[PDB]
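K.L.:
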Amino acid sequence: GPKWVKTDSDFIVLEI
Amino acid sequence: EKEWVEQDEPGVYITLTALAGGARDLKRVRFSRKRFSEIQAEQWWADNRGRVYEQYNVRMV
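Going down the list, the sequences are from chains R and F. If you read the first sequence in the numbering used here, its first letter stands for residue 1, the second for the next number, and so on. If you read the second sequence in the numbering used here, its first letter stands for residue 1, the second for the next number, and so on.
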């Protein structure tokens, strides 16, 4: 993307 | 293909890769929800992207 992944309850992830 | 995590600012963890000590790539950035809202994490990336690429020696293509 980069793409944001917001499904986890402990972390936000930016997948580059 | 080595892959590892670096501690950056508190709550920010950066995953890097390299093949056999070759050029490094930025794979992902993980933000603790303890320390970041989603709005804050987006702003953090805008504010820190350039420094992250330089500090961790990833070519900013």
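Heads up, the beta-carbon is just placed ideally off N, CA and C, and yes, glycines get one too.
For R/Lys-3, tell me which candidate among F/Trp-45, F/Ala-20, F/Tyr-56 has the shortest Cα-Cα distance.
P.N.:
Against the first sequence, residue 3 of chain R aligns to sequence position 3. Closest by alpha carbon: F/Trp-45.
K.L.:
Assuming F/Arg-28 contacts F/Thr-15 (C-beta within less than 8 angstroms), just tell me the rounded distance between them.
P.N.:
On the second sequence, position 28 is the one that residue 28 of chain F refers to. On the second sequence, position 15 is the one that residue 15 of chain F refers to. Indeed they touch by this definition, with Cβ atoms about 5 angstroms apart.
K.L.:
Give the interface partners of F/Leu-16 over in chain R, defined as CB-CB distance under 9 angstroms, in chain order.
P.N.:
Residue mapping note: residue 16 of chain F aligns to position 16 of the second sequence, counting from 1. The premise fails here: F/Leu-16 is roughly 10 angstroms from chain R at the closest Cβ pair, so nothing lies under 9 angstroms.
K.L.:
Tell me the DSSP secondary structure of F/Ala-41 in three-state form.
P.N.:
Along the second sequence, read from residue 1 onward, the residue named residue 41 of chain F stands at position 41. In this structure, F/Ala-41 counts as helix in the three-state DSSP scheme.
K.L.:
Would you list the residues sitting across from F/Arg-30 in a DSSP beta bridge?
P.N.:
For the purposes of this step, residue 30 of chain F is taken as the residue at position 30 of the second sequence. Beta-bridge pairing links F/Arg-30 to R/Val-13, F/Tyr-13.
K.L.:
As a quick exercise: from F/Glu-54, F/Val-61, F/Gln-40, pick the residue whose alpha carbon is nearest that of F/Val-12.
P.N.:
Residue numbering aside, residue 12 of chain F sits at position 12 when the second sequence is read from its first letter. Nearest of F/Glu-54, F/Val-61, F/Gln-40 to F/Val-12, Cα basis: F/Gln-40.
K.L.:
Taking the alpha-carbon of F/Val-52 as reference, which of F/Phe-36, F/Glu-3, F/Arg-24, F/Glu-38 has the nearest alpha-carbon?
P.N.:
Taking the first residue of the second sequence as 1, we reach residue 52 of chain F at position 52. The option with the nearest alpha carbon to F/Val-52 is F/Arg-24.
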